[PDB]
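Below: the structure, in structure tokens.
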Amino acid sequence: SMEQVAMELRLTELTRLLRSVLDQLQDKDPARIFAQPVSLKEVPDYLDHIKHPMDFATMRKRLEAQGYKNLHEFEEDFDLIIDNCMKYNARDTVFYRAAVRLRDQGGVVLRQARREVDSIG
Numbered sequence: 311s312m313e314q315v316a317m318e319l320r321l322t323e324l325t326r327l328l329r330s331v332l333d334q335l336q337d338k339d340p341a342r343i344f345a346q347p348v349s350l351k352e353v354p355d356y357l358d359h360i361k362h363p364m365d366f367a368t369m370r371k372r373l374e375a376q377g378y379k380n381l382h383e384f385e386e387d388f389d390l391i392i393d394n395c396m397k398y399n400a401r402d403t404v405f406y407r408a409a410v411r412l413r414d415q416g417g418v419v420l421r422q423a424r425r426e427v428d429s430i431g
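Here this note's numbering is used: the first residue of the sequence shown is 311, the next is one more, and so on.
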């Protein structure tokens with residue numbers, strides 16, 4: 311149906327805007343701390359601590375399969391990246407501090423993306 315097509319065009323356009331959001335968030339991580347999944351070879355206990363691991367490469371796979379139907383879903387995954395790091399790592403560590411900084415800087419980007427998603431539809 312033409313209705314199905316129009317929905318798919320809207321998903322496609324949301325995906326374009328989320329890719330640009332993703333690029334902007336990831337620039338706030340020049341160290342690349344959050345770029346790839348935590349290795350279970352190198353942190354064998356990780357899944358005893360963290361139940362839903364997340365990272366930017368995994369978000370990017372989901373994005374390119376148009377797997378985010380709304381900005382809320384995409385935000386949940388971004389928040390997992392931050393929140394998981396702040397639980398696993400102590401306050402005095404470069405990892406925890408990197409997460410705080412990403413959260414603070416990411417807030418700005420996400421504030422405007424919510425306006426743009428509402429504004430365009």
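The beta carbon of each residue, even a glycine, is placed where N, CA and C say it ideally should be.
{"Query": "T322 - DSSP class collapsed to helix/strand/coil", "Result": "helix"}
{"Query": "Buried versus exposed, by CB contacts within 10 Å (16 or more), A408", "Result": "buried"}
{"Query": "Same chain, Cβ closer than 6 Å to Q376, five either side skipped, listed in chain order", "Result": "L321 and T325"}
{"Query": "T403 in three-state terms, based on DSSP", "Result": "coil"}
{"Query": "Touch test, the segment 362-373 against the segment 403-422, Cβ-Cβ under 8 Å, three pairs minimum", "Result": "no"}
{"Query": "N394: first and last residue of the uninterrupted alpha helix (DSSP H) it sits in", "Result": "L381 to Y398"}
{"Query": "Option in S349, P347, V331 and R413 with minimal Cα separation from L381", "Result": "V331"}
{"Query": "Boundaries of the alpha helix (DSSP H) in which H359 is found, first to last residue", "Result": "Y356 to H359"}
{"Query": "Residues near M369 by beta carbon distance below 7 Å, same chain, minus five either side", "Result": "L332 and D387"}
{"Query": "Where the alpha helix (DSSP H) containing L350 begins and where it ends", "Result": "Per DSSP, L350 belongs to no alpha helix (DSSP H) and is neither H nor E."}
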